[PDB]
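Just my_file-v1.txt here, compact mmCIF, C-alpha atoms and all ligand atoms:
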```txt
# COMPACT_ATOMS: atom_id res chain seq x y z
CA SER V 1 0.00 0.00 0.00
CA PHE V 2 1.13 3.58 -0.64
CA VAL V 3 -0.17 4.46 2.82
CA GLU V 4 2.57 2.27 4.30
CA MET V 5 5.19 4.11 2.22
CA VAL V 6 4.20 7.55 3.51
CA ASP V 7 6.92 9.14 5.66
CA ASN V 8 9.37 6.33 4.86
CA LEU V 9 12.10 8.97 4.52
CA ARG V 10 14.14 10.67 7.21
CA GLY V 11 17.26 12.76 7.32
CA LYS V 12 19.14 15.66 8.83
CA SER V 13 18.93 19.09 7.18
CA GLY V 14 21.58 19.26 4.47
CA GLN V 15 22.64 15.67 5.02
CA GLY V 16 20.11 14.07 2.70
CA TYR V 17 17.02 11.93 2.96
CA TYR V 18 17.29 8.23 3.61
CA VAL V 19 14.98 5.25 3.44
CA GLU V 20 15.44 2.19 5.58
CA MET V 21 16.51 -0.82 3.54
CA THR V 22 17.60 -4.37 4.34
CA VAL V 23 20.39 -6.22 2.63
CA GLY V 24 21.30 -9.91 2.76
CA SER V 25 19.88 -12.84 4.71
CA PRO V 26 19.15 -12.50 7.50
CA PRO V 27 18.13 -8.89 6.71
CA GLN V 28 20.75 -6.32 7.63
CA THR V 29 19.05 -3.02 8.38
CA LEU V 30 20.67 0.03 6.82
CA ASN V 31 19.63 3.62 6.18
CA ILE V 32 20.23 4.53 2.57
CA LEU V 33 20.51 7.98 1.00
CA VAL V 34 17.85 8.36 -1.68
CA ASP V 35 19.86 9.72 -4.59
CA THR V 36 18.31 10.58 -7.95
CA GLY V 37 21.67 12.06 -9.00
CA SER V 38 23.58 8.77 -9.08
CA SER V 39 22.88 5.19 -10.12
CA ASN V 40 24.83 2.87 -7.81
CA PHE V 41 23.52 0.97 -4.86
CA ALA V 42 26.59 1.51 -2.68
CA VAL V 43 26.67 0.74 1.04
CA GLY V 44 29.47 0.98 3.58
CA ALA V 45 30.71 -2.57 4.06
CA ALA V 46 33.66 -1.94 6.35
CA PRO V 47 34.23 0.08 9.55
CA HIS V 48 34.48 3.86 9.20
CA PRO V 49 34.57 6.60 11.87
CA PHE V 50 31.25 8.06 10.59
CA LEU V 51 29.63 4.63 10.27
CA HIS V 52 27.84 3.03 13.20
CA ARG V 53 26.43 0.28 10.97
CA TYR V 54 27.63 -1.37 7.77
CA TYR V 55 26.88 -4.17 5.30
CA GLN V 56 28.57 -7.41 6.31
CA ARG V 57 28.68 -9.72 3.33
CA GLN V 58 29.94 -12.69 5.38
CA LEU V 59 26.81 -12.53 7.54
CA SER V 60 24.68 -12.88 4.40
CA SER V 61 23.78 -16.36 3.20
CA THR V 62 22.53 -14.88 -0.05
CA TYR V 63 25.52 -12.67 -0.88
CA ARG V 64 27.30 -13.41 -4.15
CA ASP V 65 30.66 -11.93 -5.00
CA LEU V 66 30.93 -10.48 -8.50
CA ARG V 67 34.72 -10.59 -8.15
CA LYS V 68 34.80 -7.10 -9.65
CA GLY V 69 36.08 -3.91 -8.07
CA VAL V 70 34.76 -0.39 -8.39
CA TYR V 71 36.67 2.85 -7.83
CA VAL V 72 35.01 6.25 -7.61
CA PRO V 73 37.05 9.49 -7.27
CA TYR V 74 35.47 12.96 -7.45
CA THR V 75 37.85 15.76 -6.39
CA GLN V 76 36.82 16.07 -2.72
CA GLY V 77 37.42 12.39 -2.03
CA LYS V 78 36.46 8.93 -3.25
CA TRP V 79 34.81 5.63 -2.54
CA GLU V 80 36.12 2.21 -3.44
CA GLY V 81 34.37 -1.10 -3.24
CA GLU V 82 33.77 -4.64 -4.25
CA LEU V 83 30.79 -5.50 -6.41
CA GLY V 84 28.37 -8.27 -5.56
CA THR V 85 24.68 -9.01 -5.47
CA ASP V 86 22.36 -9.71 -2.56
CA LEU V 87 18.71 -9.70 -1.61
CA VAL V 88 17.39 -6.22 -0.95
CA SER V 89 14.12 -5.05 0.58
CA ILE V 90 12.63 -1.69 1.45
CA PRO V 91 10.63 -2.46 4.62
CA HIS V 92 8.45 0.63 4.05
CA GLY V 93 8.41 0.58 0.26
CA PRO V 94 7.04 -2.20 -1.95
CA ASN V 95 6.42 -5.59 -0.35
CA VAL V 96 9.05 -7.24 -2.52
CA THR V 97 12.58 -8.56 -2.40
CA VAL V 98 15.07 -8.05 -5.17
CA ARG V 99 18.49 -9.43 -6.03
CA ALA V 100 20.33 -6.20 -6.74
CA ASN V 101 23.89 -5.18 -7.41
CA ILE V 102 25.72 -3.81 -4.40
CA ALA V 103 28.92 -1.83 -4.23
CA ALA V 104 30.31 -2.77 -0.85
CA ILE V 105 32.34 0.32 0.02
CA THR V 106 35.50 -0.95 1.71
CA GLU V 107 37.32 2.41 1.75
CA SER V 108 36.16 6.00 1.32
CA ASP V 109 37.58 9.51 1.56
CA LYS V 110 35.05 12.22 2.45
CA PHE V 111 32.08 10.14 1.28
CA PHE V 112 30.15 9.38 4.44
CA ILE V 113 28.80 12.30 6.42
CA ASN V 114 29.35 12.65 10.14
CA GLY V 115 26.01 12.17 11.91
CA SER V 116 23.86 11.90 8.76
CA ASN V 117 22.60 8.52 9.98
CA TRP V 118 22.77 6.79 6.58
CA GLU V 119 25.16 3.99 5.69
CA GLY V 120 24.82 3.81 1.92
CA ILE V 121 23.51 5.42 -1.23
CA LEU V 122 20.61 4.33 -3.40
CA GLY V 123 21.39 5.78 -6.81
CA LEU V 124 18.05 6.03 -8.54
CA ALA V 125 19.32 7.41 -11.86
CA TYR V 126 20.03 5.39 -15.00
CA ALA V 127 22.68 2.80 -15.87
CA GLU V 128 24.47 5.25 -18.17
CA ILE V 129 26.24 6.92 -15.27
CA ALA V 130 26.62 3.79 -13.11
CA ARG V 131 30.10 2.73 -12.01
CA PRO V 132 32.16 1.05 -13.15
CA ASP V 133 30.03 1.37 -16.29
CA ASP V 134 26.52 0.98 -17.71
CA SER V 135 26.51 -2.84 -17.51
CA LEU V 136 26.06 -2.61 -13.72
CA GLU V 137 22.26 -2.63 -13.56
CA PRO V 138 21.00 0.01 -11.10
CA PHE V 139 18.76 -0.98 -8.23
CA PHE V 140 15.52 0.41 -9.65
CA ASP V 141 16.07 -1.37 -12.98
CA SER V 142 16.51 -4.67 -11.07
CA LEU V 143 13.43 -3.88 -8.98
CA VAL V 144 11.22 -3.31 -12.04
CA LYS V 145 12.65 -6.23 -14.03
CA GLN V 146 12.27 -8.72 -11.16
CA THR V 147 8.92 -7.56 -9.80
CA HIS V 148 5.66 -6.23 -11.21
CA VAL V 149 6.42 -2.83 -9.65
CA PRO V 150 5.49 -0.10 -12.18
CA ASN V 151 8.50 1.77 -13.59
CA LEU V 152 7.83 4.93 -11.60
CA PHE V 153 8.69 6.43 -8.24
CA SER V 154 7.79 9.71 -6.61
CA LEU V 155 9.55 11.76 -3.97
CA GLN V 156 7.84 14.01 -1.45
CA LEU V 157 10.64 15.74 0.46
CA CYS V 158 9.14 17.80 3.28
CA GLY V 159 12.23 19.35 4.82
CA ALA V 160 11.97 20.58 8.40
CA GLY V 161 9.37 23.31 8.91
CA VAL V 162 21.17 19.74 16.60
CA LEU V 163 20.55 19.88 12.83
CA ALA V 164 16.84 20.00 12.02
CA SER V 165 15.23 16.65 11.23
CA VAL V 166 13.56 16.27 7.85
CA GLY V 167 10.85 13.86 6.76
CA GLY V 168 9.41 12.76 3.45
CA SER V 169 8.05 9.91 1.34
CA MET V 170 9.36 7.77 -1.47
CA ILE V 171 6.43 6.11 -3.22
CA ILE V 172 7.69 3.38 -5.51
CA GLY V 173 5.44 2.05 -8.27
CA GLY V 174 2.92 4.84 -8.27
CA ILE V 175 1.48 8.22 -7.48
CA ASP V 176 -0.09 8.89 -4.11
CA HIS V 177 -2.70 11.56 -4.74
CA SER V 178 -2.83 12.54 -1.07
CA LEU V 179 0.79 13.68 -1.40
CA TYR V 180 0.01 16.69 -3.56
CA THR V 181 -2.73 19.20 -4.33
CA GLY V 182 -3.63 20.65 -7.69
CA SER V 183 -2.19 19.61 -11.01
CA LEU V 184 0.74 17.37 -11.83
CA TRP V 185 2.83 18.98 -14.58
CA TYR V 186 5.34 16.96 -16.58
CA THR V 187 8.68 17.94 -18.03
CA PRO V 188 10.41 15.53 -20.40
CA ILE V 189 13.44 13.63 -19.24
CA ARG V 190 15.78 14.84 -21.98
CA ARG V 191 17.99 11.78 -21.65
CA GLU V 192 18.15 8.74 -19.40
CA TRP V 193 21.41 9.04 -17.53
CA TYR V 194 20.80 11.68 -14.87
CA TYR V 195 17.23 12.81 -14.54
CA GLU V 196 18.01 15.54 -17.04
CA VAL V 197 15.41 18.21 -17.71
CA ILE V 198 15.14 21.50 -19.58
CA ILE V 199 14.68 24.87 -17.87
CA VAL V 200 13.45 27.37 -20.44
CA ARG V 201 13.11 30.39 -18.21
CA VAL V 202 13.73 31.65 -14.71
CA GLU V 203 12.46 34.71 -12.89
CA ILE V 204 13.11 36.13 -9.46
CA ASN V 205 9.91 37.72 -8.21
CA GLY V 206 8.23 37.72 -11.61
CA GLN V 207 11.32 39.39 -13.08
CA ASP V 208 12.79 37.44 -15.99
CA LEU V 209 16.54 36.82 -15.79
CA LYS V 210 16.38 37.35 -19.57
CA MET V 211 19.06 34.80 -20.39
CA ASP V 212 19.39 32.63 -23.44
CA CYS V 213 17.75 29.50 -22.03
CA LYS V 214 20.82 27.46 -23.03
CA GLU V 215 22.46 29.13 -20.04
CA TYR V 216 19.96 27.48 -17.69
CA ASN V 217 20.95 24.04 -18.92
CA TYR V 218 24.66 24.57 -19.36
CA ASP V 219 25.81 21.97 -19.54
CA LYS V 220 22.73 20.19 -18.19
CA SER V 221 19.96 20.53 -15.65
CA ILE V 222 19.14 17.61 -13.40
CA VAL V 223 16.69 16.73 -10.66
CA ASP V 224 18.90 15.52 -7.84
CA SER V 225 17.61 14.51 -4.39
CA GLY V 226 21.24 13.84 -3.39
CA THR V 227 22.08 17.53 -3.64
CA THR V 228 20.66 19.82 -0.98
CA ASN V 229 21.04 23.13 -2.87
CA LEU V 230 19.64 24.70 -5.96
CA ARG V 231 22.86 24.81 -7.98
CA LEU V 232 23.07 27.17 -10.95
CA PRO V 233 25.60 27.64 -13.74
CA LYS V 234 27.99 30.50 -12.89
CA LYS V 235 26.33 33.11 -15.14
CA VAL V 236 22.85 32.24 -13.89
CA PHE V 237 23.98 32.08 -10.28
CA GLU V 238 25.43 35.60 -10.44
CA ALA V 239 22.29 37.03 -12.04
CA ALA V 240 20.11 35.17 -9.55
CA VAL V 241 22.11 36.48 -6.58
CA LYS V 242 22.18 39.99 -8.02
CA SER V 243 18.40 39.90 -8.44
CA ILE V 244 17.82 38.38 -4.99
CA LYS V 245 20.10 40.98 -3.38
CA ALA V 246 18.11 43.77 -5.03
CA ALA V 247 14.71 42.44 -3.93
CA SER V 248 15.92 42.01 -0.35
CA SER V 249 18.07 45.18 -0.24
CA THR V 250 16.42 46.23 3.02
CA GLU V 251 18.69 44.41 5.45
CA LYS V 252 22.25 43.81 4.26
CA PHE V 253 24.08 40.47 4.46
CA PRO V 254 27.79 39.57 4.29
CA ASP V 255 28.73 38.34 0.83
CA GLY V 256 29.84 35.27 2.77
CA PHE V 257 26.14 34.56 3.18
CA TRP V 258 25.31 34.83 -0.51
CA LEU V 259 28.33 32.59 -0.99
CA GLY V 260 26.47 30.02 1.08
CA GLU V 261 29.38 29.85 3.52
CA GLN V 262 27.94 31.46 6.64
CA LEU V 263 24.52 31.60 8.26
CA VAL V 264 22.32 34.58 9.12
CA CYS V 265 20.01 34.68 12.11
CA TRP V 266 16.86 36.27 13.40
CA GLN V 267 15.02 34.86 16.42
CA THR V 268 12.35 36.10 9.98
CA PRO V 269 11.39 38.61 7.26
CA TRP V 270 10.33 36.08 4.63
CA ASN V 271 8.46 38.77 2.69
CA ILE V 272 11.82 40.46 2.08
CA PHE V 273 13.12 37.54 0.03
CA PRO V 274 11.65 37.05 -3.47
CA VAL V 275 10.15 33.87 -4.90
CA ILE V 276 12.13 31.99 -7.55
CA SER V 277 10.32 30.55 -10.57
CA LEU V 278 11.87 27.79 -12.67
CA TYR V 279 10.13 27.24 -15.99
CA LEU V 280 10.49 23.67 -17.20
CA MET V 281 9.86 22.62 -20.78
CA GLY V 282 6.43 21.05 -21.14
CA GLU V 283 5.61 17.76 -22.83
CA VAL V 284 4.31 20.02 -25.60
CA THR V 285 7.16 21.62 -27.57
CA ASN V 286 6.54 25.32 -26.99
CA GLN V 287 4.91 24.93 -23.59
CA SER V 288 6.42 25.22 -20.17
CA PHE V 289 5.24 25.29 -16.61
CA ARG V 290 6.79 27.02 -13.62
CA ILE V 291 7.65 25.73 -10.20
CA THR V 292 7.80 28.58 -7.72
CA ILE V 293 9.81 28.16 -4.56
CA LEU V 294 9.74 30.42 -1.49
CA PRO V 295 12.61 31.69 0.67
CA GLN V 296 11.42 28.99 3.10
CA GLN V 297 13.02 26.54 0.66
CA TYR V 298 16.17 28.33 -0.46
CA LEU V 299 16.94 29.54 3.04
CA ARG V 300 17.46 26.32 5.00
CA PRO V 301 17.73 26.15 8.84
CA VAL V 302 21.08 25.71 10.61
CA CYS V 303 19.60 30.77 11.61
CA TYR V 304 19.59 30.00 7.88
CA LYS V 305 22.03 29.36 5.05
CA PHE V 306 21.54 30.55 1.47
CA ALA V 307 20.89 27.20 -0.22
CA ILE V 308 21.54 28.47 -3.75
CA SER V 309 25.09 27.91 -4.90
CA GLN V 310 27.20 28.01 -8.04
CA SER V 311 27.72 25.01 -10.28
CA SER V 312 30.29 24.16 -12.94
CA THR V 313 28.34 21.07 -13.95
CA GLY V 314 25.02 22.70 -14.87
CA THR V 315 21.80 23.26 -12.97
CA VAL V 316 21.12 20.99 -10.01
CA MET V 317 17.55 21.05 -8.75
CA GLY V 318 18.30 19.59 -5.32
CA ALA V 319 16.11 19.15 -2.23
CA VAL V 320 15.73 22.94 -1.89
CA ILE V 321 13.69 22.76 -5.09
CA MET V 322 12.07 19.39 -4.45
CA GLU V 323 10.82 20.25 -0.95
CA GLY V 324 8.12 22.51 -2.38
CA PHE V 325 6.68 19.70 -4.44
CA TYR V 326 5.60 16.17 -5.06
CA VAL V 327 8.04 15.00 -7.71
CA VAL V 328 7.15 12.07 -9.94
CA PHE V 329 9.98 10.26 -11.66
CA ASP V 330 7.83 8.71 -14.35
CA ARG V 331 10.54 6.54 -15.96
CA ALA V 332 8.02 4.52 -17.96
CA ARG V 333 6.99 7.72 -19.78
CA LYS V 334 10.44 9.40 -19.62
CA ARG V 335 9.08 12.39 -17.75
CA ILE V 336 9.12 14.13 -14.40
CA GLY V 337 5.97 15.45 -12.78
CA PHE V 338 5.76 18.35 -10.38
CA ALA V 339 2.79 19.12 -8.17
CA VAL V 340 2.39 21.28 -5.08
CA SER V 341 3.34 19.10 -2.11
CA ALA V 342 0.79 18.41 0.61
CA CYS V 343 3.66 19.09 3.04
CA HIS V 344 5.46 22.13 1.56
CA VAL V 345 6.19 25.04 3.93
CA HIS V 346 4.52 28.38 3.25
CA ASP V 347 3.17 31.46 5.03
CA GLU V 348 -0.13 33.33 4.66
CA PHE V 349 0.86 35.44 1.65
CA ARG V 350 2.89 33.14 -0.57
CA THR V 351 2.99 29.48 -1.43
CA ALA V 352 5.07 27.14 -3.56
CA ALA V 353 3.24 26.81 -6.85
CA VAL V 354 3.17 24.58 -9.91
CA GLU V 355 1.46 26.45 -12.73
CA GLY V 356 1.06 26.03 -16.49
CA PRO V 357 1.07 26.19 -19.32
CA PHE V 358 3.26 29.07 -20.43
CA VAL V 359 3.90 29.30 -24.14
CA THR V 360 6.75 30.69 -26.18
CA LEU V 361 7.16 31.60 -29.86
CA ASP V 362 16.35 25.08 -28.43
CA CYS V 363 17.17 25.19 -24.70
CA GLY V 364 19.14 21.96 -24.41
CA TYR V 365 22.89 22.25 -24.17
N1 LIG O 401 20.82 15.72 -0.21
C1 LIG O 401 21.83 16.02 0.28
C2 LIG O 401 23.09 16.45 0.91
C3 LIG O 401 23.93 15.29 1.43
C4 LIG O 401 25.02 14.87 0.44
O1 LIG O 401 25.08 13.44 0.47
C5 LIG O 401 25.96 12.79 -0.37
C6 LIG O 401 27.01 11.96 0.03
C7 LIG O 401 27.85 11.35 -0.92
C8 LIG O 401 27.64 11.56 -2.29
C9 LIG O 401 28.53 10.92 -3.27
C10 LIG O 401 29.90 10.76 -3.18
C11 LIG O 401 30.36 10.10 -4.35
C12 LIG O 401 29.26 9.84 -5.15
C13 LIG O 401 29.25 9.18 -6.45
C14 LIG O 401 29.98 9.79 -7.49
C15 LIG O 401 30.01 9.21 -8.76
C16 LIG O 401 29.32 8.02 -9.01
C17 LIG O 401 28.60 7.40 -8.00
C18 LIG O 401 28.56 7.97 -6.72
CL1 LIG O 401 27.64 7.13 -5.51
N2 LIG O 401 28.15 10.35 -4.49
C19 LIG O 401 26.80 10.29 -5.02
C20 LIG O 401 26.46 11.67 -5.51
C21 LIG O 401 27.48 12.58 -5.74
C22 LIG O 401 27.13 13.85 -6.19
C23 LIG O 401 25.79 14.16 -6.40
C24 LIG O 401 24.83 13.19 -6.14
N3 LIG O 401 23.49 13.47 -6.34
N4 LIG O 401 25.15 11.96 -5.70
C25 LIG O 401 26.59 12.39 -2.68
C26 LIG O 401 25.75 13.00 -1.74
```
Can you dump the structure from the file as structure tokens?
Amino acid sequence: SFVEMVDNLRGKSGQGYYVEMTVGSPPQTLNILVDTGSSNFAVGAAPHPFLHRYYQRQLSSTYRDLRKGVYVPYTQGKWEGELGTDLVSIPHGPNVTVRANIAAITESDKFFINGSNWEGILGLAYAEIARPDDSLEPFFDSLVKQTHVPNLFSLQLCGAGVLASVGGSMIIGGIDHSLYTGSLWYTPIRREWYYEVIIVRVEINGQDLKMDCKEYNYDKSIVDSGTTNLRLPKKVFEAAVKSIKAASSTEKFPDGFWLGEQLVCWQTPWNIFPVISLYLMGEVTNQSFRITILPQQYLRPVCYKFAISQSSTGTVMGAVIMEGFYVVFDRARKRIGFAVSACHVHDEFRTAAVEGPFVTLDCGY
């Protein structure tokens, strides 16, 4: 039942959302980061200072070694592991068990987060970006292939409303209508590697940034639950900040705040910060729809930090964006739906919105 999947996500603010999963036989309980921005099922499988729990293959009667290694560097650090398969369940997702690939992380540099309370990552994106390569079938592909679970999942990330605790839901195999109000709007998945989408227009408080839309998707825009911030290409970030500074000129903040480095505290003038509208390409060529997020989303609690940051790898619509909405990763129809979340945080003057269509008279990069 979808009812039993509601609120199956937890996390700490800025440290991601995780779902409880079991691996192996007997079931080994682990908390797993729900990550639409990667495609590996990778779980700590060796002691680590930040890990209080980890996957123990030798305890699993159903573990099978793939006698294949996997190495994953990424500037900041890395993770390295040994590939195998084992039985996997999501106790509060579908009532099914799946033999999925597992990267048992045996060593990692700056991968695990201190106090996040998750022990692995569930990469929900496509095989194309899986490590070591696209032959390593991602978890969700195995799930759909092995079970009758419909090729669709939906994320309701609720945020907050010690680091603040966040809740949410991952509904696998369907759409839970009680999770959103109003209309579900779909934007095409441009390509099945990341959950790549097209942003055709953005405005800060109704004011168009007036950029060639290729700038919004340079070199790509993705929907990524494994990123906390709204990340924007340099040129768009600067214009966004400039425009947000202007609209909130009353009250001045250190540029260290706009840089997302330091917090700023009251004991909050929301109305001073503008709403941000992302226009996503519609299923119909020249149509688009906007998702409008409040400062309650792009100012996350710490006291808040500016949760909009610069990117050199294109737009990242992270949790900051997703927390306003019910997001449907309709993989069967290669599209992503956005609807106002039943849980999104808003005051008595503004509210996160999903509105369309908007029509125009080439945005992919
Ligand atoms: N939310 C939030 C905030 C908490 C951040 O939590 C984390 C903790 C760790 C990682 C991570 C380290 C290395 C990889 C990786 C790199 C390449 C291939 C496969 C993988 Cl697994 N990842 C996955 C990854 C990276 C970058 C973006 C996305 N979306 N996912 C990500 C987020």
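Selecting all polymer residues at most 7 Å from ligand LIG 401 (chain O), using all atoms listed in the file, gives residues 14, 15, 16, 17, 35, 36, 37, 38, 39, 40, 42, 72, 74, 78, 79, 111, 112, 113, 121, 123, 130, 131, 224, 225, 226, 227, 228, 318 and 319 of chain V.
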Could you check which residues have any atom within 10 Å of (3.7, 17.2, -2.6), counting only C-alpha atoms with coordinates taken straight from the file, and then list them as a count of residues only? 29
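Compared by their closest atoms to residue 263 of chain V, and using all atoms listed in the file, the residues V:167, V:301, V:282, V:94 rank with V:301 nearest.
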So the first atom is atom CA of residue 82 of chain V and the second is atom CA of residue 45 of chain V; what is the distance between them in Å, to one decimal place?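 Separating atom CA of residue 82 of chain V from atom CA of residue 45 of chain V is a distance of 9.1 Å.
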Compile the contact shell of residue 300 of chain V as a list in words: residues with an atom at most 12 Å away, counting only C-alpha atoms, same-chain residues fewer than 6 positions apart removed. residues 12, 13, 14, 15, 159, 160, 161, 163, 164, 165, 166, 228, 229, 230, 260, 262, 263, 264, 265, 294, 306, 307, 308, 319, 320, 321, 323 and 345 of chain V
What would the file look like if the residues just selected were written as a tab-separated table (two decimals), keeping the file's coordinate frame with C-alpha atoms?
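Wrote it out as result.tsv, contents follow:
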```
chain	number	residue	atom	x	y	z
V	12	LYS	CA	19.14	15.66	8.83
V	13	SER	CA	18.93	19.09	7.18
V	14	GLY	CA	21.58	19.26	4.47
V	15	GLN	CA	22.64	15.67	5.02
V	159	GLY	CA	12.23	19.35	4.82
V	160	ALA	CA	11.97	20.58	8.40
V	161	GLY	CA	9.37	23.31	8.91
V	163	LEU	CA	20.55	19.88	12.83
V	164	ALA	CA	16.84	20.00	12.02
V	165	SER	CA	15.23	16.65	11.23
V	166	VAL	CA	13.56	16.27	7.85
V	228	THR	CA	20.66	19.82	-0.98
V	229	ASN	CA	21.04	23.13	-2.87
V	230	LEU	CA	19.64	24.70	-5.96
V	260	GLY	CA	26.47	30.02	1.08
V	262	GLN	CA	27.94	31.46	6.64
V	263	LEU	CA	24.52	31.60	8.26
V	264	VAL	CA	22.32	34.58	9.12
V	265	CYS	CA	20.01	34.68	12.11
V	294	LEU	CA	9.74	30.42	-1.49
V	306	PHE	CA	21.54	30.55	1.47
V	307	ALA	CA	20.89	27.20	-0.22
V	308	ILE	CA	21.54	28.47	-3.75
V	319	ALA	CA	16.11	19.15	-2.23
V	320	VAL	CA	15.73	22.94	-1.89
V	321	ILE	CA	13.69	22.76	-5.09
V	323	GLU	CA	10.82	20.25	-0.95
V	345	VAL	CA	6.19	25.04	3.93
```
Tell me which residues come within 6 Å of (9.6, 32.4, -8.3), as JSON, numbers by chain, counting all atoms listed in the file in the file's coordinates. {"V": [203, 204, 205, 275, 276, 277, 292, 293]}
So that I can see what lies close to residue 65 of chain V, please list as a ChimeraX atom specification the residues with an atom at most 10 Å from it, counting all atoms listed in the file and leaving out residues fewer than 4 positions away in the same chain. /V:57,82-86,101-102
Between atom CA of residue 187 of chain V and atom CA of residue 216 of chain V lies a distance of 14.8 Å
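One distance worth recording is that between atom CA of residue 28 of chain V and atom CA of residue 330 of chain V, which is 29.6 Å.
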For residue 269 of chain V, the nearest of the candidates V:248, V:105, V:10, V:144, counting all atoms listed in the file: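 Nearest to residue 269 of chain V: V:248.
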Show which residues sit within 10 Å of residue 214 of chain V, as a list in words. Count all atoms listed in the file, and ignore same-chain residues fewer than 4 positions away. residues 198, 199, 200, 201, 218, 219, 220, 362, 363, 364 and 365 of chain V
Polymer residues at most 12 Å from residue 347 of chain V, all atoms listed in the file, same-chain spacing of 5 or more positions, as a ChimeraX atom specification: /V:161,268-271,294-297,352
Do a neighbour search on residue 49 of chain V at 12 Å with only C-alpha atoms, toss out local chain neighbours closer than 6 positions, and write the hits as a short mmCIF file (atom, residue, chain, number, x, y, z; two decimals) with C-alpha atoms, in the coordinates of the input.
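File written: around.cif
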```
data_model
loop_
_atom_site.label_atom_id
_atom_site.label_comp_id
_atom_site.auth_asym_id
_atom_site.auth_seq_id
_atom_site.Cartn_x
_atom_site.Cartn_y
_atom_site.Cartn_z
CA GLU V 107 37.32 2.41 1.75
CA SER V 108 36.16 6.00 1.32
CA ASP V 109 37.58 9.51 1.56
CA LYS V 110 35.05 12.22 2.45
CA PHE V 111 32.08 10.14 1.28
CA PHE V 112 30.15 9.38 4.44
CA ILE V 113 28.80 12.30 6.42
CA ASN V 114 29.35 12.65 10.14
CA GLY V 115 26.01 12.17 11.91
CA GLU V 119 25.16 3.99 5.69
#
```
At most 12 Å is the cut-off: for each residue in segment 87-148 of chain V with any atom that close to an atom of segment 170-173 of chain V, write down the nearest atom pair and the distance in Å rounded to one decimal, counting all atoms listed in the file, chain first then increasing number, as a tab-separated table.
```
residue	atom	partner	partner_atom	distance
V:90	CA	V:172	CA	9.9
V:91	CA	V:170	CA	12.0
V:92	CA	V:170	CA	9.1
V:93	CA	V:172	CA	6.5
V:94	CA	V:172	CA	6.7
V:95	CA	V:172	CA	10.4
V:96	CA	V:172	CA	11.1
V:122	CA	V:170	CA	11.9
V:124	CA	V:172	CA	11.1
V:140	CA	V:172	CA	9.3
V:143	CA	V:172	CA	9.9
V:144	CA	V:173	CA	8.7
V:147	CA	V:173	CA	10.3
V:148	CA	V:173	CA	8.8
```
Of the candidates V:315, V:31, V:207, V:285, which one gets nearest to residue 246 of chain V if we count all atoms listed in the file? V:207
